[PDB]
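A short reminder: the numbers here are calculations on the coordinates, not readings from a lab. Every residue, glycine among them, receives a Cβ derived from its backbone with ideal geometry; neighbour counts consider all protein chains shown.
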Amino acid sequence: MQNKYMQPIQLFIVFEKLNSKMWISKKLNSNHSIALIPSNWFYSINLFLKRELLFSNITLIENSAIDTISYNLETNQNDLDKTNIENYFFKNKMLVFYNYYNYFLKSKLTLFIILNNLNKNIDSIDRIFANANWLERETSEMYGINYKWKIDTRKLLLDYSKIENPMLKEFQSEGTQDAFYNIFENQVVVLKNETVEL
Amino acid sequence: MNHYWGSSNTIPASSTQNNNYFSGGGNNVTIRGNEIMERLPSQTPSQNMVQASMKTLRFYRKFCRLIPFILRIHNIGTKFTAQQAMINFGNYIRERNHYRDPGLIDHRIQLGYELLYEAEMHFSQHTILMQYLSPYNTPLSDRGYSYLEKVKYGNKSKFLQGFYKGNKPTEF
Amino acid sequence: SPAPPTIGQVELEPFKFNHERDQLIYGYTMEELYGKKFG
Amino acid sequence: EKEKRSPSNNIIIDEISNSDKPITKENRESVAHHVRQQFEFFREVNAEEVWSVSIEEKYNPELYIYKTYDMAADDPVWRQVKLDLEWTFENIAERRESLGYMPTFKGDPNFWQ
Amino acid sequence: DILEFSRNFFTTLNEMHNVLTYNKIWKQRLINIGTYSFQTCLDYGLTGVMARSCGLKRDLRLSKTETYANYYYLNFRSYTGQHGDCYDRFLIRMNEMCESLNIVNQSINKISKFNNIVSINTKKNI
Amino acid sequence: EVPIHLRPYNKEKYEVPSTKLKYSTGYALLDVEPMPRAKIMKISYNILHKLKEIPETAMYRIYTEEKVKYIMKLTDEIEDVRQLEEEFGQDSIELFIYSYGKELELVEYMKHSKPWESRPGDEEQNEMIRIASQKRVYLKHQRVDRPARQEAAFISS
Amino acid sequence: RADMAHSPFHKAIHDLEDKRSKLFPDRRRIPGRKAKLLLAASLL
Amino acid sequence: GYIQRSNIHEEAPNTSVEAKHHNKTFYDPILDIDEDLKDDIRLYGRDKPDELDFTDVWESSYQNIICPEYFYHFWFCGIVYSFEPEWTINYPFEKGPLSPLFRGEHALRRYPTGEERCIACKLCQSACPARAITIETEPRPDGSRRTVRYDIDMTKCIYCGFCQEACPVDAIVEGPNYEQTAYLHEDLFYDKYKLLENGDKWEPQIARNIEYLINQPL
Amino acid sequence: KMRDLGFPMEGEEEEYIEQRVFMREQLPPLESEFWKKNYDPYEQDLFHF
Ligand SMILES: CCCCCCCCCCCCCCCCCC(=O)OC[C@H](COP(=O)([O-])OCC(O)COP(=O)([O-])OC[C@@H](COC(=O)CCCCCCCCCCCCCCCCC)OC(=O)CCCCCCCCCCCCCCCCC)OC(=O)CCCCCCCCCCCCCCCCC
Ligand code: SF4
Ligand code: SF4
């Protein structure tokens, strides 16, 4: 950590009604900072990021989600401290995280948003960051997040005429149906799934 | 309107005209439009089950208006009549009619519109997409059905029918 | 308070065309402002 | 007395930087101080970079120009790379020739007794 | 053997360069096709060659806080273009291929014993 | 004597030809600005003028005004373009101008968003934060004592 | 530093005149020489 | 972890002639003619020079009137590159270079006495990323810990090598055989019979490679 | 109107048309547009008809 680093406190100085929860770790890069952002302010915060002076040169590197409902500390349970970020995973249905890179500040900024509503509603930002379109499409299809005000909600990387969210911990890697060829129908069909257990 | 369903997305009726010399019109409701769908914006949020139900009814109306074209292009008219397909999809919706979450309903409507567009544009295969249109308890109209099970187990409870049928291979 | 000087959408653009450059460099010359360009 | 911080202070905990100067709505000088700190960081972070940013590079551009059949010839460094590679090969060949032979590993079936 | 491959790789680079770089058809096919600004590079999260073709000068190997290997302590060069088109991207890829040879040479030299014991009487290697 | 942010825009002072400019910006399709100081001054004055729609007490307005004042003071102090670029990072002044020009559009976005007001979901967010900070223990490590003998009861009569 | 001249890391530095002359061109391209030659020759 | 630096700039190596490591031939006047072309706005952007010269006219005339592509490139490639020996390797009668680390077809080895080296520890089964190994073991009548069923699904297995790496007794080895083309999908369901037969057939070369691999650490 | 918007106005500038007509991104919607009470398509109020 022998570098010059400054917290991205501009967001919370401007959005004066929000509380700040920020982290930095040596597990990340020296210039990488994590923060907690509420969903109802996520869209406005991205609006501010996309056009603030020092945050103008910001690109949305990555976006995804975590099914925190089934998250459990498998080892060193007692070592957990109240300041750790893992404390926000427990009992929360979903956690959608975005990661941006800023060139002026040579920094990486990750924002975590907790989704507790059962339908997983959150405002999309693909209208602010263009590359977020396919990222949010993938996230919605794989985890079932209901993005709102999204440019294109059509599936991306999922099969035709199928509805599912495979990346949820409830889903099984083997799937629920297999595609074979039917001679009677003289074409590919899909039927129930029987697999091999090692 | 700059949308796939816009009134200007119709297929021209002629190389030099739209259906007439004194009028401009085209069909985009019962067939696919002229330009492909580049973006499908999310359904505007519904704050009420009333709005959610209206969305469901409008989606079902679009599906019913499109089913004959889907059947003709996919060559599945023999398997079921247009009305039979409409009723089967109605049963599909009825199984889901218990929903009471507007956000979940909006997500479901988005998925339904997407799959309907795939069926229009031949993205899906007829055998893969007919699972939604297939009858729940009636034989397919293009095949000869077997009533051996009904003859054997006439006037017998579903439990007894399942008991005789079995639910596991007997070899192992 | 004083009225801010008019700023057009063209000025905020990253690169300028000939007609856009002419308005900005009005009263001056390309060599005078941008300096001489060699090849 | 109980929470070990003044009510005006906005910092619940600052393990990241342990800053003793809170930024609050009441003290408008805090905003100016934070702005000065932000611009100081903006200058210094770019200054400490070795390759990412260089005003000298901005004002004295150095270009690579394709002007000959051999793209290595257009760069003095790549010519030296070629020469160093050939020099290494010649040195290895000279050493091996002077030695006059090469030891090698020979399989022995008795190793599997 | 890697050093020998590096020496011979210049020949393949030149063979491709002679038929592609200066060809009028190749220049007319690539130049001014796919042109984009830094803002596109920034908006769509373009990175690597696509980003450097805009002149963003963004390389993660030569970053103070983001270097991950011996790169930060090797003296090599990264290349960027003032035109964000396919021709600039092709030139950048060729130059990066050429510079990988220099990086490999430096890396191999970092593990080489160039010097040797010199006899006091004869001033020759032992 | 008058503050720079209150003085009217001075065209003569800033809009003057500048030598020793960069031959190129280094970025594709990013032309060289001939009057970076004039552009910064115009942008700063326009931003200050448009900030009057936001409430005075707004922290967004306070932050933007302080930043604009700092930038204007530095630009006025430093006439040399190279020195100004060295102060503003070490990149082309044109990129800084382009980034700074976006605040003009950001003003209306922030006015409509109203970051200085509270949305209904803030209470839910606070509840989530509060519950996330509770102490947690595991049943496996909780002591359980052997219960005493259950007293047998008999129905009277 | 290898990217700059006279670096200690360079090894092939002594008596490279003949090798460099063989390996690299000893001629410079005049801009319009080929154009003038070919056009005049074609006309005549 | 990190380190502290005081001088960010890496100064250029000494240019003095007397100093050692001086290269008198690093710069070539004929080749290093960059400075002439460096000041050209066309290189830096879309703009054009203030004063165009007849050199551009001559260059454009040469490029357009006499299209040099069909001659320059035709010669340089067709006539010259055709003079190089072919790079082809005659596969039926010659084989490409391999290494003792090559992972080809799985096989099961034996001790020189003829006893199986495989003890049913299932380390290979657990490490198999693709779940391609199935092992069932029962005590042998003599009492040895030996497997009763050892199957490798060659169609499901990625030839990573994790099986031989995790094997503690070098029982399962991915020998060099790669010409294992099968016409029936069932022929790729390798069984213990198939693996032991492969080991018996390929023991010489496998042992030869293992000798060198074991001796390398020494 | 095109010159006011900033389109190319010269032949040599016609080759950078995409940078002025299509490349520029569209301003994202104001967040107030997500709070409308109703989103039904507008139709003329047929009261008095
Ligand atoms: C019957 C059997 C037949 C068998 C055939 C077998 C196959 C044969 C294939 C032959 C192919 C052609 C040869 C290719 C060689 C390639 C060499 C190369 O790589 O360099 C390219 C070279 C240019 O590249 P470069 O030099 O590397 O460029 C870098 C320079 O630094 C850049 O410097 P710069 O740009 O400043 O100038 C460089 C310039 C040099 O420029 C100058 O120096 C010009 C200076 C003058 C400028 C103009 C001012 C006016 C000058 C004249 C003034 C006169 C009046 C003076 C009055 C004074 C009054 C006081 O270089 C040139 O010469 C370029 C001109 C290109 C000419 C194209 C030649 C086409 C040949 C086609 C042959 C077809 C054969 C068909 C088969 C046979 C017939 C059926 O171009 C050539 O020189 C082309 C070859 C020219 C001819 C030489 C050979 C002649 C003999 C051929 C014999 C063929 C065999 C069979 C003969 C018959 C036997 C019976
Ligand atoms: S090669 Fe890898 S995947 Fe195949 S059987 Fe061996 S360990 Fe399993
Ligand atoms: S092959 Fe090796 S790792 Fe696998 S069960 Fe046998 S002894 Fe164990």
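Here are the numbers for this structure:
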{"item": "Magnitude of the charge dipole, chain D, Cβ model with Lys/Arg +1 and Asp/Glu -1, debye to 20", "result": "380"}
{"item": "Where N is the number of residues in the protein assembly as shown, Cα Rg divided by 2.2 N^0.38 Å", "result": "1.17"}
{"item": "Over the protein assembly as shown: helical MRE at 222 nm, DSSP H runs n ≥ 4 each giving -39500 (n - 2.57), nearest 500", "result": "-10500 deg cm²/dmol"}
{"item": "Integer Hz, Karplus 6.51/-1.76/1.60 couplings in order for the stretch A:17-28, x for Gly and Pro", "result": "9, 10, 8, 9, 9, 10, 9, 9, 9, 6, 5, 9"}
{"item": "Restricting the stretch A:22-85 to trypsin sites (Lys or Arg not before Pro) in coil, as DSSP defines it, with at most 14 other Cβ within 10 Å", "result": "A:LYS26, A:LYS27, A:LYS82"}
{"item": "Longest DSSP-loop-exposure-free segment, GluC sites (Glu not before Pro), chain A, at most 16 other Cβ within 10 Å", "result": "A:75-163"}
{"item": "Order of C:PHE17, H:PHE76 - criterion: other Cβ atoms within 10 Å of each residue's Cβ, fewest first", "result": "H:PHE76, C:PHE17"}
{"item": "Student exercise, chain F dipole from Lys, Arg, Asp, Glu Cβ charges, in Debye to nearest 20", "result": "840"}
{"item": "Charge context of A:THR59, other residues only, Cβ under 12 angstrom, K/R +1, D/E -1", "result": "+1"}
{"item": "Positive dipole terminus of the stretch A:117-198, leading residue within A:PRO166, A:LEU191, A:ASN119 (C-beta point charges)", "result": "A:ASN119"}
{"item": "Interatomic Cα distance distribution for chain F, bins of 10 angstrom, percent", "result": "8, 25, 21, 12, 9, 7, 5, 4, 4, 3, 1, 0"}
{"item": "Sparse-neighbourhood loop sites, GluC sites (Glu not before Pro) in the stretch F:1-73 - DSSP loop, at most 13 other Cβ within 10 angstrom", "result": "F:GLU1, F:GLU56"}
{"item": "Euclidean distance of C-alpha centroids, the stretch B:64-79 and the stretch A:60-78, integer Å", "result": "46"}
{"item": "Pairs from A:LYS21/I:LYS36; F:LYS114/I:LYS36; A:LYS50/A:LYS120; F:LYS13/F:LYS73; C:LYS16/F:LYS22 whose Cα-Cα separation, in the structure shown, is over 22 Å", "result": "A:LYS21/I:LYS36; A:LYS50/A:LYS120"}
{"item": "Max mean-square fluctuation residue, GNM over chain E, Cα-Cα springs under 10 Å, options E:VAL19, E:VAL104, E:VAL49", "result": "E:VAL19"}
{"item": "Residues of type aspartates and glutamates that F:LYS11 reaches as a straight line, Cα spacing below 19 Å, ignoring anything fewer than 8 places off in the same chain", "result": "C:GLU11, C:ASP22, C:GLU32, F:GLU1, F:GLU33, F:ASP76, F:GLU77, F:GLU79, F:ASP80"}
{"item": "Degrees, to the nearest 10: F:59-77 long Cα axis against longest axis of chain F", "result": "30"}
{"item": "Charge tally in the Cβ shell below 15 Å around G:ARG27, where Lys, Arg are +1 and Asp, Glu are -1, G:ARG27 excluded", "result": "+2"}
{"item": "Taking F:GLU105, F:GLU151, H:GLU115 and counting other C-beta atoms within 10 Å, the order from fewest to most", "result": "F:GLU151, H:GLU115, F:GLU105"}
{"item": "Ranked B:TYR21, F:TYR9, B:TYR99, criterion: other C-beta atoms within 10 Å, fewest first", "result": "B:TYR21, B:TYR99, F:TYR9"}
{"item": "C-alpha long axis of helix H:54-64 to longest principal axis of chain H, angle in °", "result": "50"}
{"item": "Spacing of the two label points (7 Å from each Cα toward its C-beta) at F:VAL137 and I:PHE47, in nm", "result": "6.6"}
{"item": "Prolate/oblate/rounded call for the stretch D:1-100, Cα gyration tensor, a/c under 1.5 rounded", "result": "oblate"}
{"item": "Kirkwood hydrodynamic radius of chain A, Cα pairs, Å", "result": "19.2"}
{"item": "Rounded FRET efficiency, nearest 0.05, which uses the C-beta distance separating A:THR83 from E:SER78 and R0 of 30 Å", "result": "0.15"}
{"item": "Nearest-ten-degree value, helix H:192-215 long axis tilted from longest Cα axis of chain H", "result": "50"}
{"item": "Residue with peak Gaussian network fluctuation, chain B [Cα springs, cutoff 10 Å], from B:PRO135, B:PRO68, B:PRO45", "result": "B:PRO45"}
{"item": "Rounded to whole Hz, the Karplus (6.51, -1.76, 1.60) HN-Hα couplings of the stretch H:15-24, x for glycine and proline", "result": "9, 5, 5, 5, 5, 5, 6, 9, 9, 6"}
{"item": "Cα lying deepest toward the dipole's positive end in chain I, options I:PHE7, I:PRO41, I:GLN26, charges on Cβ", "result": "I:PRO41"}
{"item": "Those trypsin sites (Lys or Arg not before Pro) in the stretch E:85-126 that DSSP places in a loop and that have at most 15 other beta carbons within 10 Å", "result": "E:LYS110, E:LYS113, E:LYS123, E:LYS124"}
{"item": "Selection from H:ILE214, H:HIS185, H:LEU195, by position along the positive dipole direction of the stretch H:175-218 (Cβ)", "result": "H:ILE214"}
